Amino acid sequence: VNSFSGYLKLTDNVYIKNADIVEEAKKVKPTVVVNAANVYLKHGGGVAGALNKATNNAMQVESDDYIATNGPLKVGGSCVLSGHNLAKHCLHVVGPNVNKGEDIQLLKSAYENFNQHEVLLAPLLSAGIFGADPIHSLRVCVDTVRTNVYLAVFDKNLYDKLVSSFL
Ligand SMILES: Oc1ccc2c(c1)OCO2
């Protein structure tokens, strides 16, 4: 049993809810929250900007030190950093950004990072301002992630479309 509430069950391991990922993290304090990161860990907008704002910019400060030491992530890659006030850990995962021309086949590699964690609170990778089709992102998630993933979909309209089109 875990603390996640109000989710619709899609599969054995994937759950979904219409929720503000920031507000969900603040309530649950999950072991892992996933950030929709870019390779520079520049948390300007979208899910990343919202998560970082909720940490009072402490996520960005930590991220800048990580990049100064290690250099940029790979598209499809990840790193584990602090979850600050939102979670124990933040898994920063880089899905391909269609608005930068990145290979959508890298979305499966991005979701494979989730398999290193038994339970996660996450957004749909490459959705929103990353430009991919969220229906596609949900299908890759279900077909790639084997650990238990609780998806927070910010848009009520999109949530209803994801559920009503789910195969
Ligand atoms: O994709 C998003 C998810 C949550 C957000 C957001 C964007 O901006 C405000 O909070």
# chains A, B, ... in the order shown; residues from 1 in each chain; ligands from 1
>>> residues_around(residues="stretch 107-116 of chain A", least_positions_apart="5", cutoff="8 Å", atoms="only C-alpha atoms", output="PDB file with N, CA and C atoms, in the first residue's frame")
ATOM      1  N   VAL A  75      20.263  13.564 -24.043  1.00  0.00           N
ATOM      2  CA  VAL A  75      18.831  13.378 -24.358  1.00  0.00           C
ATOM      3  C   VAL A  75      18.528  11.894 -24.196  1.00  0.00           C
ATOM      4  N   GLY A  76      17.511  11.566 -23.389  1.00  0.00           N
ATOM      5  CA  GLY A  76      17.195  10.183 -23.010  1.00  0.00           C
ATOM      6  C   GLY A  76      17.803   9.829 -21.689  1.00  0.00           C
ATOM      7  N   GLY A  77      18.664  10.645 -21.115  1.00  0.00           N
ATOM      8  CA  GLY A  77      19.331  10.322 -19.858  1.00  0.00           C
ATOM      9  C   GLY A  77      18.711  10.976 -18.648  1.00  0.00           C
ATOM     10  N   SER A  78      19.345  10.815 -17.509  1.00  0.00           N
ATOM     11  CA  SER A  78      18.801  11.273 -16.231  1.00  0.00           C
ATOM     12  C   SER A  78      19.897  11.458 -15.202  1.00  0.00           C
ATOM     13  N   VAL A  93      14.823  13.754 -15.760  1.00  0.00           N
ATOM     14  CA  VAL A  93      14.833  12.910 -16.961  1.00  0.00           C
ATOM     15  C   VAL A  93      14.673  13.809 -18.167  1.00  0.00           C
ATOM     16  N   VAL A  94      15.525  13.608 -19.180  1.00  0.00           N
ATOM     17  CA  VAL A  94      15.483  14.397 -20.427  1.00  0.00           C
ATOM     18  C   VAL A  94      14.775  13.623 -21.517  1.00  0.00           C
ATOM     19  N   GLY A  95      13.518  13.941 -21.751  1.00  0.00           N
ATOM     20  CA  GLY A  95      12.869  13.442 -22.943  1.00  0.00           C
ATOM     21  C   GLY A  95      13.286  14.291 -24.142  1.00  0.00           C
ATOM     22  N   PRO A  96      13.128  13.760 -25.361  1.00  0.00           N
ATOM     23  CA  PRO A  96      13.399  14.569 -26.552  1.00  0.00           C
ATOM     24  C   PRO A  96      12.412  15.731 -26.629  1.00  0.00           C
ATOM     25  N   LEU A 125       6.529  12.344 -20.143  1.00  0.00           N
ATOM     26  CA  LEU A 125       7.765  12.859 -20.749  1.00  0.00           C
ATOM     27  C   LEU A 125       7.484  13.358 -22.144  1.00  0.00           C
ATOM     28  N   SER A 126       8.182  14.423 -22.478  1.00  0.00           N
ATOM     29  CA  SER A 126       8.156  15.062 -23.802  1.00  0.00           C
ATOM     30  C   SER A 126       6.787  15.698 -24.106  1.00  0.00           C
ATOM     31  N   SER A 137       3.175   9.610 -25.702  1.00  0.00           N
ATOM     32  CA  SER A 137       4.000   9.536 -24.486  1.00  0.00           C
ATOM     33  C   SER A 137       3.408   8.533 -23.499  1.00  0.00           C
ATOM     34  N   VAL A 140       4.118   4.961 -24.766  1.00  0.00           N
ATOM     35  CA  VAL A 140       5.521   4.556 -24.518  1.00  0.00           C
ATOM     36  C   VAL A 140       5.693   4.288 -23.034  1.00  0.00           C
ATOM     37  N   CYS A 141       5.160   5.112 -22.180  1.00  0.00           N
ATOM     38  CA  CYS A 141       5.274   4.902 -20.732  1.00  0.00           C
ATOM     39  C   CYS A 141       4.762   3.503 -20.387  1.00  0.00           C
ATOM     40  N   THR A 144       6.988   0.651 -21.549  1.00  0.00           N
ATOM     41  CA  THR A 144       8.417   0.726 -21.176  1.00  0.00           C
ATOM     42  C   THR A 144       8.610   0.593 -19.686  1.00  0.00           C
ATOM     43  N   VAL A 145       7.839   1.306 -18.879  1.00  0.00           N
ATOM     44  CA  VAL A 145       8.035   1.356 -17.436  1.00  0.00           C
ATOM     45  C   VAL A 145       7.398   0.098 -16.860  1.00  0.00           C
ATOM     46  N   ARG A 146       8.155  -0.592 -16.051  1.00  0.00           N
ATOM     47  CA  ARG A 146       7.701  -1.806 -15.314  1.00  0.00           C
ATOM     48  C   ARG A 146       7.535  -1.535 -13.831  1.00  0.00           C
ATOM     49  N   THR A 147       8.121  -0.474 -13.294  1.00  0.00           N
ATOM     50  CA  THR A 147       7.943  -0.084 -11.903  1.00  0.00           C
ATOM     51  C   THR A 147       6.655   0.722 -11.763  1.00  0.00           C
TER      52      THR A 147
END
>>> residues_around(residues="residue A:4", least_positions_apart="5", cutoff="9 Å", atoms="only C-alpha atoms", output="list in words")
residues 24, 28, 30, 121 and 150 of chain A
>>> write_last_selection(atoms="C-alpha atoms", output="compact mmCIF listing (two decimals), in the first residue's frame")
# COMPACT_ATOMS: atom_id res chain seq x y z
CA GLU A 24 0.76 16.37 -5.56
CA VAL A 28 2.50 12.92 -0.87
CA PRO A 30 7.03 10.68 -2.62
CA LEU A 121 5.42 10.46 -9.22
CA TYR A 150 1.81 7.66 -10.77
>>> select_by_dssp(residues="stretch 38-142 of chain A", states="helix (DSSP H, G or I)", output="ChimeraX atom specification")
/A:46-54,58-70,98-100,106-116,128-130,134-142
>>> write_last_selection(atoms="N, CA and C atoms", output="tab-separated table (two decimals), in the first residue's frame")
chain	number	residue	atom	x	y	z
A	46	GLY	N	7.48	25.13	-18.00
A	46	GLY	CA	6.84	23.82	-17.98
A	46	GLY	C	6.87	23.22	-16.58
A	47	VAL	N	6.90	21.91	-16.52
A	47	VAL	CA	6.99	21.20	-15.24
A	47	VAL	C	8.27	21.64	-14.50
A	48	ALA	N	9.40	21.73	-15.20
A	48	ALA	CA	10.66	22.05	-14.51
A	48	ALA	C	10.60	23.43	-13.86
A	49	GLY	N	10.09	24.41	-14.60
A	49	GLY	CA	9.99	25.74	-14.00
A	49	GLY	C	9.09	25.73	-12.79
A	50	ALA	N	8.00	24.97	-12.84
A	50	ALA	CA	7.06	24.92	-11.71
A	50	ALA	C	7.69	24.22	-10.52
A	51	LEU	N	8.32	23.07	-10.74
A	51	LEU	CA	9.00	22.37	-9.62
A	51	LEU	C	10.05	23.26	-9.01
A	52	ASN	N	10.87	23.88	-9.86
A	52	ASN	CA	11.97	24.70	-9.33
A	52	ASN	C	11.42	25.88	-8.52
A	53	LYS	N	10.37	26.54	-9.01
A	53	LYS	CA	9.75	27.67	-8.30
A	53	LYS	C	9.29	27.18	-6.92
A	54	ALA	N	8.70	26.00	-6.83
A	54	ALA	CA	8.19	25.47	-5.55
A	54	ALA	C	9.33	25.23	-4.56
A	58	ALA	N	16.04	26.48	-5.07
A	58	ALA	CA	17.10	25.60	-4.56
A	58	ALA	C	17.39	24.48	-5.57
A	59	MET	N	16.39	24.00	-6.28
A	59	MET	CA	16.63	23.00	-7.34
A	59	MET	C	17.61	23.54	-8.39
A	60	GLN	N	17.42	24.77	-8.82
A	60	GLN	CA	18.32	25.38	-9.84
A	60	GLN	C	19.74	25.55	-9.30
A	61	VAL	N	19.86	25.97	-8.05
A	61	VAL	CA	21.20	26.15	-7.45
A	61	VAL	C	21.92	24.80	-7.45
A	62	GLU	N	21.26	23.75	-6.97
A	62	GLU	CA	21.86	22.42	-6.93
A	62	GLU	C	22.21	21.96	-8.33
A	63	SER	N	21.30	22.20	-9.27
A	63	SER	CA	21.49	21.76	-10.66
A	63	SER	C	22.69	22.46	-11.31
A	64	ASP	N	22.87	23.73	-11.05
A	64	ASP	CA	24.00	24.46	-11.62
A	64	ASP	C	25.33	23.88	-11.13
A	65	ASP	N	25.40	23.52	-9.87
A	65	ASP	CA	26.61	22.87	-9.33
A	65	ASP	C	26.77	21.51	-10.01
A	66	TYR	N	25.70	20.73	-10.22
A	66	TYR	CA	25.81	19.41	-10.89
A	66	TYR	C	26.37	19.60	-12.28
A	67	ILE	N	25.88	20.55	-13.04
A	67	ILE	CA	26.36	20.75	-14.43
A	67	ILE	C	27.81	21.25	-14.44
A	68	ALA	N	28.15	22.13	-13.55
A	68	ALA	CA	29.53	22.64	-13.47
A	68	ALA	C	30.49	21.48	-13.22
A	69	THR	N	30.10	20.46	-12.47
A	69	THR	CA	30.97	19.31	-12.18
A	69	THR	C	30.92	18.30	-13.31
A	70	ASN	N	29.76	17.98	-13.85
A	70	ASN	CA	29.56	16.77	-14.69
A	70	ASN	C	29.31	17.10	-16.14
A	98	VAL	N	10.71	17.94	-29.21
A	98	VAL	CA	10.32	18.04	-30.65
A	98	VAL	C	10.56	19.48	-31.12
A	99	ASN	N	10.32	20.50	-30.32
A	99	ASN	CA	10.52	21.93	-30.72
A	99	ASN	C	12.02	22.24	-30.88
A	100	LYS	N	12.94	21.29	-30.61
A	100	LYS	CA	14.39	21.41	-30.93
A	100	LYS	C	14.80	20.39	-32.00
A	106	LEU	N	13.94	8.49	-28.83
A	106	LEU	CA	14.68	8.64	-27.57
A	106	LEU	C	13.70	8.69	-26.40
A	107	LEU	N	12.39	8.79	-26.69
A	107	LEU	CA	11.41	8.82	-25.59
A	107	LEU	C	11.43	7.49	-24.81
A	108	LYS	N	11.58	6.37	-25.52
A	108	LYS	CA	11.63	5.06	-24.83
A	108	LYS	C	12.85	5.01	-23.90
A	109	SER	N	14.01	5.45	-24.41
A	109	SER	CA	15.23	5.50	-23.56
A	109	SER	C	15.00	6.37	-22.29
A	110	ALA	N	14.30	7.51	-22.47
A	110	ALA	CA	14.01	8.41	-21.34
A	110	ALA	C	13.20	7.66	-20.28
A	111	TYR	N	12.13	6.98	-20.73
A	111	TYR	CA	11.26	6.27	-19.76
A	111	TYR	C	11.99	5.09	-19.12
A	112	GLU	N	13.00	4.51	-19.77
A	112	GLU	CA	13.73	3.39	-19.15
A	112	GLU	C	14.38	3.81	-17.82
A	113	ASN	N	14.70	5.10	-17.66
A	113	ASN	CA	15.27	5.57	-16.39
A	113	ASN	C	14.33	5.30	-15.22
A	114	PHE	N	13.02	5.32	-15.49
A	114	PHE	CA	12.07	5.11	-14.37
A	114	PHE	C	12.22	3.71	-13.75
A	115	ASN	N	12.71	2.75	-14.53
A	115	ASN	CA	12.79	1.36	-14.07
A	115	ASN	C	13.83	1.20	-12.98
A	116	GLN	N	14.67	2.20	-12.72
A	116	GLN	CA	15.66	2.13	-11.64
A	116	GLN	C	15.04	2.51	-10.30
A	128	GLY	N	3.64	18.64	-23.17
A	128	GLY	CA	3.65	20.08	-22.88
A	128	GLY	C	4.59	20.78	-23.82
A	129	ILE	N	5.42	21.66	-23.28
A	129	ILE	CA	6.31	22.52	-24.11
A	129	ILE	C	7.42	21.72	-24.77
A	130	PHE	N	7.58	20.41	-24.50
A	130	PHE	CA	8.55	19.58	-25.25
A	130	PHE	C	7.94	19.13	-26.58
A	134	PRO	N	1.05	13.79	-26.32
A	134	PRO	CA	0.92	13.14	-25.01
A	134	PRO	C	0.29	11.74	-25.05
A	135	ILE	N	-0.56	11.48	-26.06
A	135	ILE	CA	-1.14	10.13	-26.23
A	135	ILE	C	-0.01	9.15	-26.50
A	136	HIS	N	0.90	9.53	-27.37
A	136	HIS	CA	2.08	8.71	-27.68
A	136	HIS	C	2.94	8.55	-26.42
A	137	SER	N	3.18	9.61	-25.70
A	137	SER	CA	4.00	9.54	-24.49
A	137	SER	C	3.41	8.53	-23.50
A	138	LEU	N	2.09	8.56	-23.32
A	138	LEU	CA	1.45	7.60	-22.40
A	138	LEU	C	1.63	6.18	-22.93
A	139	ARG	N	1.51	5.94	-24.22
A	139	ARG	CA	1.68	4.58	-24.75
A	139	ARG	C	3.12	4.11	-24.49
A	140	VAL	N	4.12	4.96	-24.77
A	140	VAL	CA	5.52	4.56	-24.52
A	140	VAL	C	5.69	4.29	-23.03
A	141	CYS	N	5.16	5.11	-22.18
A	141	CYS	CA	5.27	4.90	-20.73
A	141	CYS	C	4.76	3.50	-20.39
A	142	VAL	N	3.54	3.18	-20.79
A	142	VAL	CA	2.93	1.89	-20.42
A	142	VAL	C	3.76	0.75	-20.98
>>> residues_around(residues="residue A:152", least_positions_apart="6", cutoff="6 Å", atoms="only C-alpha atoms", output="ChimeraX atom specification")
/A:17-19,21,123
>>> write_last_selection(atoms="N, CA, C and O atoms", output="CSV table (one decimal), in the first residue's frame")
chain,number,residue,atom,x,y,z
A,17,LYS,N,-3.7,10.6,-12.9
A,17,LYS,CA,-4.6,11.6,-12.2
A,17,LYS,C,-4.5,12.9,-12.9
A,17,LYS,O,-3.4,13.3,-13.3
A,18,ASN,N,-5.6,13.7,-12.9
A,18,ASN,CA,-5.6,15.1,-13.2
A,18,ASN,C,-5.1,15.9,-12.0
A,18,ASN,O,-5.9,16.0,-11.0
A,19,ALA,N,-3.9,16.3,-12.0
A,19,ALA,CA,-3.3,17.0,-10.8
A,19,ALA,C,-2.1,17.8,-11.2
A,19,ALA,O,-1.4,17.5,-12.1
A,21,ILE,N,1.4,18.6,-10.5
A,21,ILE,CA,2.5,17.7,-10.0
A,21,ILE,C,3.1,18.3,-8.8
A,21,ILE,O,3.5,17.6,-7.8
A,123,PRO,N,5.5,13.3,-14.6
A,123,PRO,CA,4.7,13.9,-15.7
A,123,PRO,C,4.9,13.0,-16.9
A,123,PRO,O,5.8,12.1,-16.9
>>> closest_residue(among="A:80, A:127, A:149, A:162", to="ligand 1", atoms="only C-alpha atoms and all ligand atoms")
A:127
